[PDB]
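To start, the structure under review is shown below, and the notes come after it.
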Amino acid sequence: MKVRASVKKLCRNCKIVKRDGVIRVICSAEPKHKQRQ
Amino acid sequence: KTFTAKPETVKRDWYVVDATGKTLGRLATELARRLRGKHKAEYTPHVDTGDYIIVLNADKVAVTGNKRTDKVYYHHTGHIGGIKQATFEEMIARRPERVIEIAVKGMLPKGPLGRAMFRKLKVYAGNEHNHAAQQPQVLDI
Amino acid sequence: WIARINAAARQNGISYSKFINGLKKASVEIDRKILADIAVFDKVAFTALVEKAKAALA
Amino acid sequence: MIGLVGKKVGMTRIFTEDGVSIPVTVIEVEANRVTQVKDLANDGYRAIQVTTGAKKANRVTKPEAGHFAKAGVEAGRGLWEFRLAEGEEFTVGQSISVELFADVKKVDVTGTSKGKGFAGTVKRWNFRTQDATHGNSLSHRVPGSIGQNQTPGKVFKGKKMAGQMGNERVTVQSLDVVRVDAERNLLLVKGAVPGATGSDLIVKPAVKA
Amino acid sequence: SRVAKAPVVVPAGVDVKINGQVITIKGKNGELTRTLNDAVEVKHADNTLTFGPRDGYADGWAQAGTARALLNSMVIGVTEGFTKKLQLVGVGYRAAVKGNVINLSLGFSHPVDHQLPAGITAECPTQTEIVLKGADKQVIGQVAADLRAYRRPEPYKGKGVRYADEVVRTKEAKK
RNA sequence: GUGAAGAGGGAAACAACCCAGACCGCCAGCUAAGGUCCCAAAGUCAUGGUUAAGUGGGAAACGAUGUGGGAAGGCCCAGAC
RNA sequence: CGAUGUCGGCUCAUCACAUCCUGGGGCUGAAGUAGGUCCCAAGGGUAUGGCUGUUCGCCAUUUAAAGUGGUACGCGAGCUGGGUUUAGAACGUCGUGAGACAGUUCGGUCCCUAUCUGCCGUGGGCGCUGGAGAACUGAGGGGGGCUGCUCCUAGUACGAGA
RNA sequence: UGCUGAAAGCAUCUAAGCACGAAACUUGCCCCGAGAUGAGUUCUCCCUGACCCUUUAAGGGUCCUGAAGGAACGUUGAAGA
Ligand SMILES: [Mg+2]
Ligand SMILES: [Mg+2]
Ligand SMILES: [Mg+2]
Ligand SMILES: [Mg+2]
Ligand SMILES: [Mg+2]
Ligand SMILES: [Mg+2]
Ligand SMILES: [Mg+2]
Ligand SMILES: [Mg+2]
Ligand SMILES: [Mg+2]
Ligand SMILES: [Mg+2]
Ligand SMILES: [Mg+2]
Ligand SMILES: [Mg+2]
Ligand SMILES: [Mg+2]
Ligand SMILES: [Mg+2]
Ligand SMILES: [Mg+2]
Ligand SMILES: [Mg+2]
Ligand SMILES: [Mg+2]
Ligand SMILES: [Mg+2]
Ligand SMILES: [Mg+2]
Ligand SMILES: [Mg+2]
Ligand SMILES: [Mg+2]
Ligand SMILES: [Mg+2]
Ligand SMILES: [Mg+2]
Ligand SMILES: [Mg+2]
Ligand SMILES: [Mg+2]
Ligand SMILES: [Mg+2]
Ligand SMILES: [Mg+2]
Ligand SMILES: [Mg+2]
Ligand SMILES: [Mg+2]
Ligand SMILES: [Mg+2]
Ligand SMILES: [Mg+2]
Ligand SMILES: [Mg+2]
Ligand SMILES: [Mg+2]
Ligand SMILES: [Mg+2]
Ligand SMILES: [Mg+2]
Ligand SMILES: [Mg+2]
Ligand SMILES: [Mg+2]
Ligand SMILES: [Mg+2]
Ligand SMILES: [Mg+2]
Ligand SMILES: [Mg+2]
Ligand SMILES: [Mg+2]
Ligand SMILES: [Mg+2]
Ligand SMILES: [Mg+2]
Ligand SMILES: [Mg+2]
Ligand SMILES: [Zn+2]
């Protein structure tokens, strides 16, 4: 669970989504990729 | 010398209005200018020319957008750690008279005659009252 | 003075920027004092005045 | 639930089979009697109003004696009111027996306090006093400083200072009842219930136990 | 969009009730109600409801695919049947059912004594294998997730409560 | 150039900012700067698009399938995804 | 500048949250235990001593914790006057001297009844539109919220053991 | 952290909707609490006389009327300047 104002994709399964005014970055099989804006 | 409508000669009315489906900002200024009393021709500033309104079922008044929850109600009391806060939906579920009374308290003027003009705001939030003996007229807005 | 003029205008069913424009079409020079003072008492003559403004526009 | 009204007379101790010295006190409770039953349609809320005790004939007043003879009861001394809940059947003429507490383990007791006069700042709110020596002049017991400088520049509301000490309604909860008395109309409750002896207290089943 | 233009099918043998929004479909499994929002026009061709935006809206295709997919799901729940089967993992982890109770010994000093909704018929063919049936898919997914997710299986041992068909991440405590 | 040696309407109040130079009287008309939903006077005036965030009504480096308009290209019933 | 008393202690606080404790969740190079690190969270609580005039600091010793800040670096019409600060005296050093020196030891007067705003208490008049004796409904307000450890589950799970 | 699921035929806690969530929030515990002028609710007890004068009636005065109930005075208190 990072908090950053410069989000990114890293692997081939990074899915940028937008939930409740927040640009989240998530992944299927990676706990470290999980993010928040 | 232009006419100054003395209070012992000027009359009062009785209207009712069911505010269901009406917005706050476009209802409250009309209920403010009615009891400010300017739609009558014989309006005078310094002497009250007010009316009587009765707003029925005031727990149905809606504001569009996301502001059934995002409308805050700040008030401070006087004891230093005692400023409180309740939101719009909680005020609606608790006491649906003060959602309209403070809305007209804003737009009505401020002073002794301001409280005098507030004294006629017989505003309820049910579907009955006890001034139908005064035979009111169903105004539409 | 403009207050009771606008009061009688909204009483009979017309605005103010149409009312003064119709009276300027009818080229009157009557001021706000006596235009209010007609609407104080004589309601049918001020009704005739806004009928004249509605007959100048319409 | 349906409270009762007692008068605290003294303090004593009940011993045990073992040797425990349980502190206890005796609130005399006569049989109270229903005086006015309300509900929503009559007044606005379901409750009960009662009175026990004894008052003289030439000092019960004509407003009160009419309310007395409207019921049919004696010349009691107080007028207390208890709120209620549903699931009950009640009348006015029936008097409440003293054995309503005969199956409840933990009770609550409310009453007045004692009157400790115009108190002090070291006495009521427990302000620790200052140096009684070591240079200090004429400030042994004062409450010191009370506000900041110039912003607010005023004494806040909610401050504590000298005043009247107690002498109001206070409440102790969840207490221990050990014994009732059908013979001489007593309640024995463990501890030190409020008020001086010679006062009348309002006892009830404990609100949360 | 494309599922908003590709419409539903519905076979017979069933008490169809499309009263506009309240489409109660009373058949073999049960019946579902939902008072849809009104951003869709729909009529029945006796085998196929048409789906499209009612004229005047802004985000008209929002409901046009979602209500179609939900109206697929409701009628196939009434027609055929629905469950998403779970599988308990772990020694000392046991589950017992009597109709509308779950008794789990999920590693706590108090056993998990949990209760069930109306549209749940559950059964344990083996002591650690439970399956809970129903027709309302949105309800029996969420109830299955709530009944499972007291303990996600920890990424080292795999010991916990998981789906019978999910993916867990085997981890590595390095030395 | 105001301001000191200058009054007045608009910037809530606010010497310096924009309008503007008041000798006295009037219950007279037109506008400037600025305002017209009610407080406090005047458009909930008409067509007409953006916005969905109280953004309007405080700000950077960078970020993103939020959104509207234009300009080209490649792949496609040799069904492109 | 026709004066707003200045550092630190004592006595009373209140808010802020960039949160010390305690509350709930995600990541780990997280097996458990204990931790790392950001994210939400400010209701409540926050050491007694030795030493110097001292906030700090060092040290001895607890606890769940010994938070960070503004408030005229809060508070002398509330209190010590030790520090820097008047008049005396001396040592170093400087000048020939008069005397100076964030260099140092020693002794050195801290004034005031509250008019008003404010705050905690106690009261009389009148209104509540016939007048008096009582008991109450409560829109609002105001105090209240802390945490240790031992024992059961269980020496279970986890773990090669520990 | 979820359930269902389009935008984007697939994954998507979100746009429609549905479920959980902590000492913070509203309550729940307790206190003074109708001078809440939006001045209340509420069961009770007392007064059922004659008149003339210009204030022509919500007005001024002479007489039997002076009850409900409170104040004052004395004895005082685990109430108190
Ligand atoms: Mg959320
Ligand atoms: Mg607070
Ligand atoms: Mg004003
Ligand atoms: Mg006393
Ligand atoms: Mg001390
Ligand atoms: Mg002295
Ligand atoms: Mg002394
Ligand atoms: Mg010049
Ligand atoms: Mg000069
Ligand atoms: Mg000027
Ligand atoms: Mg000016
Ligand atoms: Mg400004
Ligand atoms: Mg001004
Ligand atoms: Mg001039
Ligand atoms: Mg202009
Ligand atoms: Mg206006
Ligand atoms: Mg418009
Ligand atoms: Mg920016
Ligand atoms: Mg392909
Ligand atoms: Mg001076
Ligand atoms: Mg000075
Ligand atoms: Mg934070
Ligand atoms: Mg952590
Ligand atoms: Mg706090
Ligand atoms: Mg705190
Ligand atoms: Mg709380
Ligand atoms: Mg000490
Ligand atoms: Mg020492
Ligand atoms: Mg220290
Ligand atoms: Mg400071
Ligand atoms: Mg500072
Ligand atoms: Mg400080
Ligand atoms: Mg200071
Ligand atoms: Mg001072
Ligand atoms: Mg000091
Ligand atoms: Mg000294
Ligand atoms: Mg005095
Ligand atoms: Mg005084
Ligand atoms: Mg009084
Ligand atoms: Mg509160
Ligand atoms: Mg999908
Ligand atoms: Mg999904
Ligand atoms: Mg607690
Ligand atoms: Mg709680
Ligand atoms: Zn990843």
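Lettering and numbering for the structure tokens are positional, with chains as A, B, ... in the shown order, residues counted from 1 in each chain, and ligands counted from 1 in the shown order.
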(message) Near chain B, meaning an atom within 12 Å, which residues of chain F appear when counting only C-alpha atoms (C1' of nucleotides)? Write them as a VMD selection string.
(response) chain F and resid 27 37 to 40 44 52 to 54
Output C-alpha atoms (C1' of nucleotides) for every residue in that selection, as a PDB file, in the first residue's frame.
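Written out: selection.pdb:
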ATOM      1  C1'   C F  27     -39.691  63.648  -2.350  1.00  0.00           C
ATOM      2  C1'   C F  37     -32.139  34.719  -6.648  1.00  0.00           C
ATOM      3  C1'   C F  38     -33.687  37.250  -1.534  1.00  0.00           C
ATOM      4  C1'   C F  39     -31.307  39.630   2.228  1.00  0.00           C
ATOM      5  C1'   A F  40     -29.926  45.151  -0.365  1.00  0.00           C
ATOM      6  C1'   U F  44     -35.024  32.320 -11.627  1.00  0.00           C
ATOM      7  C1'   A F  52     -20.603  16.996 -12.126  1.00  0.00           C
ATOM      8  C1'   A F  53     -15.647  18.373  -9.273  1.00  0.00           C
ATOM      9  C1'   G F  54     -19.127  23.591  -4.284  1.00  0.00           C
TER      10        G F  54
END
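With only C-alpha atoms (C1' of nucleotides) and all ligand atoms as the atoms that count, the set of residues no farther than 8 Å from ligand 43 is residues 145 and 146 of chain G; 23 of chain H.
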Given a cut-off of 12 Å, what residues near ligand 18 show up using only C-alpha atoms (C1' of nucleotides) and all ligand atoms, put as a PDB file with N, CA and C atoms (P, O5', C5', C4', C3', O3' and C1' of nucleotides), in the first residue's frame?
ATOM      1  P     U F  55     -14.691  24.332  -3.751  1.00  0.00           P
ATOM      2  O5'   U F  55     -14.050  24.232  -5.200  1.00  0.00           O
ATOM      3  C5'   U F  55     -13.939  22.973  -5.840  1.00  0.00           C
ATOM      4  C4'   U F  55     -13.654  23.128  -7.308  1.00  0.00           C
ATOM      5  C3'   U F  55     -13.681  24.545  -7.851  1.00  0.00           C
ATOM      6  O3'   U F  55     -12.446  25.198  -7.618  1.00  0.00           O
ATOM      7  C1'   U F  55     -14.920  23.126  -9.274  1.00  0.00           C
ATOM      8  P     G F  58     -10.983  29.553  -2.428  1.00  0.00           P
ATOM      9  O5'   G F  58     -10.091  28.568  -3.318  1.00  0.00           O
ATOM     10  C5'   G F  58      -9.478  29.005  -4.528  1.00  0.00           C
ATOM     11  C4'   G F  58      -8.057  29.486  -4.338  1.00  0.00           C
ATOM     12  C3'   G F  58      -6.937  28.523  -4.694  1.00  0.00           C
ATOM     13  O3'   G F  58      -6.691  28.467  -6.091  1.00  0.00           O
ATOM     14  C1'   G F  58      -6.455  29.609  -2.632  1.00  0.00           C
ATOM     15  P     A F  59      -6.124  27.125  -6.771  1.00  0.00           P
ATOM     16  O5'   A F  59      -4.548  27.195  -6.567  1.00  0.00           O
ATOM     17  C5'   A F  59      -3.721  27.885  -7.495  1.00  0.00           C
ATOM     18  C4'   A F  59      -2.255  27.607  -7.255  1.00  0.00           C
ATOM     19  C3'   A F  59      -1.825  26.156  -7.406  1.00  0.00           C
ATOM     20  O3'   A F  59      -1.558  25.819  -8.757  1.00  0.00           O
ATOM     21  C1'   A F  59      -0.999  27.007  -5.370  1.00  0.00           C
ATOM     22  P     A F  60      -1.420  24.287  -9.210  1.00  0.00           P
ATOM     23  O5'   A F  60       0.149  24.079  -9.355  1.00  0.00           O
ATOM     24  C5'   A F  60       0.953  25.041 -10.021  1.00  0.00           C
ATOM     25  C4'   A F  60       2.414  24.849  -9.697  1.00  0.00           C
ATOM     26  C3'   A F  60       3.026  23.519 -10.103  1.00  0.00           C
ATOM     27  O3'   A F  60       3.450  23.520 -11.454  1.00  0.00           O
ATOM     28  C1'   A F  60       3.615  24.017  -7.863  1.00  0.00           C
ATOM     29  P     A F  61       3.238  22.228 -12.377  1.00  0.00           P
ATOM     30  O5'   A F  61       4.471  21.285 -12.021  1.00  0.00           O
ATOM     31  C5'   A F  61       5.796  21.613 -12.416  1.00  0.00           C
ATOM     32  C4'   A F  61       6.783  20.611 -11.871  1.00  0.00           C
ATOM     33  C3'   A F  61       6.493  19.154 -12.207  1.00  0.00           C
ATOM     34  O3'   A F  61       7.070  18.772 -13.445  1.00  0.00           O
ATOM     35  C1'   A F  61       6.909  19.380  -9.879  1.00  0.00           C
ATOM     36  P     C F  62       6.181  18.549 -14.763  1.00  0.00           P
ATOM     37  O5'   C F  62       5.650  17.057 -14.639  1.00  0.00           O
ATOM     38  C5'   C F  62       6.536  15.986 -14.375  1.00  0.00           C
ATOM     39  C4'   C F  62       5.899  14.991 -13.446  1.00  0.00           C
ATOM     40  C3'   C F  62       4.698  14.247 -14.006  1.00  0.00           C
ATOM     41  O3'   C F  62       5.063  13.112 -14.766  1.00  0.00           O
ATOM     42  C1'   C F  62       4.193  15.077 -11.839  1.00  0.00           C
ATOM     43  P     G F  63       4.109  12.589 -15.946  1.00  0.00           P
ATOM     44  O5'   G F  63       2.874  11.915 -15.196  1.00  0.00           O
ATOM     45  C5'   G F  63       3.022  10.705 -14.469  1.00  0.00           C
ATOM     46  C4'   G F  63       1.813  10.441 -13.606  1.00  0.00           C
ATOM     47  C3'   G F  63       0.509  10.202 -14.345  1.00  0.00           C
ATOM     48  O3'   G F  63       0.367   8.849 -14.726  1.00  0.00           O
ATOM     49  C1'   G F  63       0.173  11.712 -12.532  1.00  0.00           C
TER      50        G F  63
END
(message) Show me which residues line ligand 13, defined as having an atom within 12 Å of a ligand atom where only C-alpha atoms (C1' of nucleotides) and all ligand atoms count, and present them as a PyMOL selection string.
(response) chain F and resi 8-14
Same residues, C-alpha atoms (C1' of nucleotides), saved as a PDB file, in the first residue's frame:
ATOM      1  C1'   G F   8     -18.985  60.534  -3.035  1.00  0.00           C
ATOM      2  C1'   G F   9     -21.165  54.862  -5.596  1.00  0.00           C
ATOM      3  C1'   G F  10     -18.418  49.611  -6.936  1.00  0.00           C
ATOM      4  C1'   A F  11     -13.450  46.121  -4.250  1.00  0.00           C
ATOM      5  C1'   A F  12     -17.544  43.295   2.949  1.00  0.00           C
ATOM      6  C1'   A F  13     -14.863  46.766   5.738  1.00  0.00           C
ATOM      7  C1'   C F  14      -9.931  49.099   3.212  1.00  0.00           C
TER       8        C F  14
END
(request) Residues within 10 Å of ligand 14 should be enumerated using only C-alpha atoms (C1' of nucleotides) and all ligand atoms and returned as JSON, numbers by chain. (result) {"F": [21, 22, 23]}
N, CA, C and O atoms (P, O5', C5', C4', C3', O3' and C1' of nucleotides) of the current selection, written as a PDB file, in the first residue's frame:
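Output file selection-v6.pdb is given in full below:
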ATOM      1  P     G F  21     -16.358  64.134 -13.779  1.00  0.00           P
ATOM      2  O5'   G F  21     -16.227  65.251 -12.660  1.00  0.00           O
ATOM      3  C5'   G F  21     -14.996  65.435 -11.978  1.00  0.00           C
ATOM      4  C4'   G F  21     -15.215  65.917 -10.573  1.00  0.00           C
ATOM      5  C3'   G F  21     -15.202  67.433 -10.425  1.00  0.00           C
ATOM      6  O3'   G F  21     -16.086  67.825  -9.382  1.00  0.00           O
ATOM      7  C1'   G F  21     -13.455  66.501  -9.143  1.00  0.00           C
ATOM      8  P     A F  22     -16.849  69.231  -9.479  1.00  0.00           P
ATOM      9  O5'   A F  22     -17.830  69.212  -8.231  1.00  0.00           O
ATOM     10  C5'   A F  22     -18.765  68.161  -8.075  1.00  0.00           C
ATOM     11  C4'   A F  22     -19.610  68.371  -6.853  1.00  0.00           C
ATOM     12  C3'   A F  22     -19.286  69.624  -6.061  1.00  0.00           C
ATOM     13  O3'   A F  22     -19.884  70.789  -6.585  1.00  0.00           O
ATOM     14  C1'   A F  22     -19.308  67.798  -4.601  1.00  0.00           C
ATOM     15  P     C F  23     -19.015  72.130  -6.677  1.00  0.00           P
ATOM     16  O5'   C F  23     -19.532  73.016  -5.462  1.00  0.00           O
ATOM     17  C5'   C F  23     -18.699  73.254  -4.339  1.00  0.00           C
ATOM     18  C4'   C F  23     -19.218  74.394  -3.508  1.00  0.00           C
ATOM     19  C3'   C F  23     -20.699  74.335  -3.181  1.00  0.00           C
ATOM     20  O3'   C F  23     -21.000  73.496  -2.086  1.00  0.00           O
ATOM     21  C1'   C F  23     -20.189  76.471  -4.024  1.00  0.00           C
TER      22        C F  23
END
Just the residues within 8 Å of stretch 28-45 of chain E, please, counting only C-alpha atoms (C1' of nucleotides), with nothing from its chain fewer than 5 positions along; format it as a PDB file with N, CA, C and O atoms (P, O5', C5', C4', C3', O3' and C1' of nucleotides), in the first residue's frame.
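Result went into around_6.pdb, see below:
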ATOM      1  N   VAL E  14     -42.803 -21.054 -16.993  1.00  0.00           N
ATOM      2  CA  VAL E  14     -42.515 -20.163 -15.882  1.00  0.00           C
ATOM      3  C   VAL E  14     -43.544 -19.039 -15.876  1.00  0.00           C
ATOM      4  O   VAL E  14     -44.057 -18.629 -16.923  1.00  0.00           O
ATOM      5  N   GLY E  20     -43.306  -3.842 -15.944  1.00  0.00           N
ATOM      6  CA  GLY E  20     -42.346  -2.772 -16.092  1.00  0.00           C
ATOM      7  C   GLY E  20     -41.061  -3.110 -15.364  1.00  0.00           C
ATOM      8  O   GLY E  20     -40.285  -3.957 -15.818  1.00  0.00           O
ATOM      9  N   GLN E  21     -40.834  -2.463 -14.221  1.00  0.00           N
ATOM     10  CA  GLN E  21     -39.586  -2.643 -13.487  1.00  0.00           C
ATOM     11  C   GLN E  21     -39.582  -3.927 -12.664  1.00  0.00           C
ATOM     12  O   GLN E  21     -38.581  -4.649 -12.647  1.00  0.00           O
ATOM     13  N   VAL E  22     -40.681  -4.231 -11.981  1.00  0.00           N
ATOM     14  CA  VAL E  22     -40.712  -5.358 -11.057  1.00  0.00           C
ATOM     15  C   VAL E  22     -40.920  -6.643 -11.841  1.00  0.00           C
ATOM     16  O   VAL E  22     -42.055  -7.087 -12.040  1.00  0.00           O
ATOM     17  N   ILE E  23     -39.830  -7.256 -12.281  1.00  0.00           N
ATOM     18  CA  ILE E  23     -39.891  -8.436 -13.141  1.00  0.00           C
ATOM     19  C   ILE E  23     -39.718  -9.656 -12.243  1.00  0.00           C
ATOM     20  O   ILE E  23     -38.609 -10.123 -11.988  1.00  0.00           O
ATOM     21  N   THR E  50     -36.226  -6.762 -25.315  1.00  0.00           N
ATOM     22  CA  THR E  50     -35.303  -5.830 -25.947  1.00  0.00           C
ATOM     23  C   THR E  50     -34.729  -4.881 -24.903  1.00  0.00           C
ATOM     24  O   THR E  50     -35.345  -4.619 -23.868  1.00  0.00           O
ATOM     25  N   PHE E  51     -33.531  -4.369 -25.178  1.00  0.00           N
ATOM     26  CA  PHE E  51     -32.834  -3.515 -24.225  1.00  0.00           C
ATOM     27  C   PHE E  51     -32.253  -2.304 -24.931  1.00  0.00           C
ATOM     28  O   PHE E  51     -31.539  -2.445 -25.928  1.00  0.00           O
ATOM     29  N   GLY E  52     -32.544  -1.122 -24.399  1.00  0.00           N
ATOM     30  CA  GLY E  52     -32.041   0.109 -24.955  1.00  0.00           C
ATOM     31  C   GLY E  52     -32.315   1.294 -24.055  1.00  0.00           C
ATOM     32  O   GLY E  52     -33.123   1.224 -23.124  1.00  0.00           O
ATOM     33  N   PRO E  53     -31.650   2.417 -24.324  1.00  0.00           N
ATOM     34  CA  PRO E  53     -31.803   3.597 -23.461  1.00  0.00           C
ATOM     35  C   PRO E  53     -33.106   4.329 -23.755  1.00  0.00           C
ATOM     36  O   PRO E  53     -33.460   4.547 -24.915  1.00  0.00           O
ATOM     37  N   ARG E  54     -33.822   4.702 -22.696  1.00  0.00           N
ATOM     38  CA  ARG E  54     -34.971   5.581 -22.858  1.00  0.00           C
ATOM     39  C   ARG E  54     -34.493   6.970 -23.254  1.00  0.00           C
ATOM     40  O   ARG E  54     -33.470   7.456 -22.763  1.00  0.00           O
ATOM     41  N   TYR E  57     -31.851  10.610 -21.839  1.00  0.00           N
ATOM     42  CA  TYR E  57     -30.841  10.431 -20.810  1.00  0.00           C
ATOM     43  C   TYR E  57     -29.470  10.863 -21.315  1.00  0.00           C
ATOM     44  O   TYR E  57     -29.264  11.125 -22.502  1.00  0.00           O
ATOM     45  N   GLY E  60     -26.984   6.790 -20.932  1.00  0.00           N
ATOM     46  CA  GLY E  60     -28.064   5.846 -21.168  1.00  0.00           C
ATOM     47  C   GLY E  60     -27.617   4.402 -21.239  1.00  0.00           C
ATOM     48  O   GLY E  60     -28.357   3.501 -20.837  1.00  0.00           O
ATOM     49  N   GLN E  63     -27.206   1.580 -17.632  1.00  0.00           N
ATOM     50  CA  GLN E  63     -28.117   0.517 -17.245  1.00  0.00           C
ATOM     51  C   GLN E  63     -28.351  -0.490 -18.356  1.00  0.00           C
ATOM     52  O   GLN E  63     -28.748  -1.620 -18.062  1.00  0.00           O
ATOM     53  N   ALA E  64     -28.059  -0.122 -19.607  1.00  0.00           N
ATOM     54  CA  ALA E  64     -28.499  -0.908 -20.755  1.00  0.00           C
ATOM     55  C   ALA E  64     -27.787  -2.254 -20.858  1.00  0.00           C
ATOM     56  O   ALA E  64     -28.330  -3.196 -21.442  1.00  0.00           O
ATOM     57  N   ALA E  67     -28.446  -4.029 -16.519  1.00  0.00           N
ATOM     58  CA  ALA E  67     -29.765  -4.597 -16.303  1.00  0.00           C
ATOM     59  C   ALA E  67     -30.007  -5.788 -17.210  1.00  0.00           C
ATOM     60  O   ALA E  67     -30.705  -6.723 -16.813  1.00  0.00           O
ATOM     61  N   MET E  74     -31.050 -13.506 -13.357  1.00  0.00           N
ATOM     62  CA  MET E  74     -32.250 -13.824 -12.591  1.00  0.00           C
ATOM     63  C   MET E  74     -33.010 -14.990 -13.210  1.00  0.00           C
ATOM     64  O   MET E  74     -33.391 -15.939 -12.508  1.00  0.00           O
ATOM     65  N   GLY E  77     -31.141 -18.205 -12.919  1.00  0.00           N
ATOM     66  CA  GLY E  77     -31.237 -18.695 -11.557  1.00  0.00           C
ATOM     67  C   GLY E  77     -32.553 -19.391 -11.278  1.00  0.00           C
ATOM     68  O   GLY E  77     -32.582 -20.430 -10.611  1.00  0.00           O
ATOM     69  N   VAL E  78     -33.658 -18.818 -11.760  1.00  0.00           N
ATOM     70  CA  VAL E  78     -34.955 -19.481 -11.625  1.00  0.00           C
ATOM     71  C   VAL E  78     -34.997 -20.766 -12.445  1.00  0.00           C
ATOM     72  O   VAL E  78     -35.550 -21.783 -12.003  1.00  0.00           O
ATOM     73  N   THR E  79     -34.377 -20.761 -13.624  1.00  0.00           N
ATOM     74  CA  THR E  79     -34.446 -21.923 -14.503  1.00  0.00           C
ATOM     75  C   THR E  79     -33.597 -23.076 -13.974  1.00  0.00           C
ATOM     76  O   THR E  79     -34.124 -24.141 -13.632  1.00  0.00           O
ATOM     77  N   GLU E  80     -32.277 -22.885 -13.882  1.00  0.00           N
ATOM     78  CA  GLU E  80     -31.378 -24.021 -13.703  1.00  0.00           C
ATOM     79  C   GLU E  80     -30.909 -24.217 -12.263  1.00  0.00           C
ATOM     80  O   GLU E  80     -31.191 -25.257 -11.660  1.00  0.00           O
ATOM     81  N   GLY E  81     -30.209 -23.253 -11.695  1.00  0.00           N
ATOM     82  CA  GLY E  81     -29.610 -23.451 -10.385  1.00  0.00           C
ATOM     83  C   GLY E  81     -28.275 -22.741 -10.214  1.00  0.00           C
ATOM     84  O   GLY E  81     -27.521 -22.510 -11.153  1.00  0.00           O
ATOM     85  N   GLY E 134     -29.059 -21.971  -4.051  1.00  0.00           N
ATOM     86  CA  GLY E 134     -29.901 -20.797  -4.167  1.00  0.00           C
ATOM     87  C   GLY E 134     -30.116 -20.396  -5.610  1.00  0.00           C
ATOM     88  O   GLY E 134     -29.657 -21.085  -6.527  1.00  0.00           O
ATOM     89  N   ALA E 135     -30.809 -19.293  -5.831  1.00  0.00           N
ATOM     90  CA  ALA E 135     -31.014 -18.794  -7.182  1.00  0.00           C
ATOM     91  C   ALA E 135     -30.538 -17.365  -7.366  1.00  0.00           C
ATOM     92  O   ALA E 135     -29.975 -17.039  -8.414  1.00  0.00           O
ATOM     93  N   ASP E 136     -30.748 -16.502  -6.374  1.00  0.00           N
ATOM     94  CA  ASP E 136     -30.301 -15.117  -6.445  1.00  0.00           C
ATOM     95  C   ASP E 136     -28.777 -15.060  -6.373  1.00  0.00           C
ATOM     96  O   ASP E 136     -28.187 -15.235  -5.302  1.00  0.00           O
TER      97      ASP E 136
ATOM     98  P     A H  16     -23.829   5.754  -8.877  1.00  0.00           P
ATOM     99  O5'   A H  16     -24.633   4.524  -9.499  1.00  0.00           O
ATOM    100  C5'   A H  16     -25.665   4.744 -10.448  1.00  0.00           C
ATOM    101  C4'   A H  16     -26.814   3.777 -10.293  1.00  0.00           C
ATOM    102  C3'   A H  16     -27.022   3.155  -8.927  1.00  0.00           C
ATOM    103  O3'   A H  16     -27.590   4.035  -7.975  1.00  0.00           O
ATOM    104  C1'   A H  16     -27.275   1.500 -10.575  1.00  0.00           C
TER     105        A H  16
END
Can you tell me, as a PDB file with C-alpha atoms, in the first residue's frame, what residues are no more than 12 Å from residue B:10 when counting only C-alpha atoms (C1' of nucleotides), ignoring any on the same chain fewer than 2 positions away?
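What landed in out_14.pdb:
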ATOM      1  CA  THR B   4     -46.608  54.689   5.188  1.00  0.00           C
ATOM      2  CA  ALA B   5     -48.872  51.702   5.886  1.00  0.00           C
ATOM      3  CA  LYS B   6     -49.554  51.868   9.617  1.00  0.00           C
ATOM      4  CA  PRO B   7     -49.728  48.440  11.312  1.00  0.00           C
ATOM      5  CA  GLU B   8     -53.182  48.679  12.917  1.00  0.00           C
ATOM      6  CA  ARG B  12     -52.731  39.401   7.203  1.00  0.00           C
ATOM      7  CA  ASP B  13     -53.474  36.285   5.137  1.00  0.00           C
ATOM      8  CA  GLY B  37     -44.254  41.265   2.236  1.00  0.00           C
ATOM      9  CA  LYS B  40     -48.370  43.209  -2.145  1.00  0.00           C
ATOM     10  CA  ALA B  41     -48.492  46.688  -3.639  1.00  0.00           C
ATOM     11  CA  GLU B  42     -48.698  48.480  -0.275  1.00  0.00           C
ATOM     12  CA  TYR B  43     -45.259  47.335   0.920  1.00  0.00           C
ATOM     13  CA  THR B  44     -43.314  49.657   3.223  1.00  0.00           C
ATOM     14  CA  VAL B  47     -43.299  48.739   8.939  1.00  0.00           C
ATOM     15  CA  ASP B  48     -44.100  45.038   8.640  1.00  0.00           C
ATOM     16  CA  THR B  49     -46.215  44.056   5.630  1.00  0.00           C
ATOM     17  CA  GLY B  50     -45.967  40.343   6.257  1.00  0.00           C
ATOM     18  CA  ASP B  51     -48.101  37.318   5.440  1.00  0.00           C
TER      19      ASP B  51
END
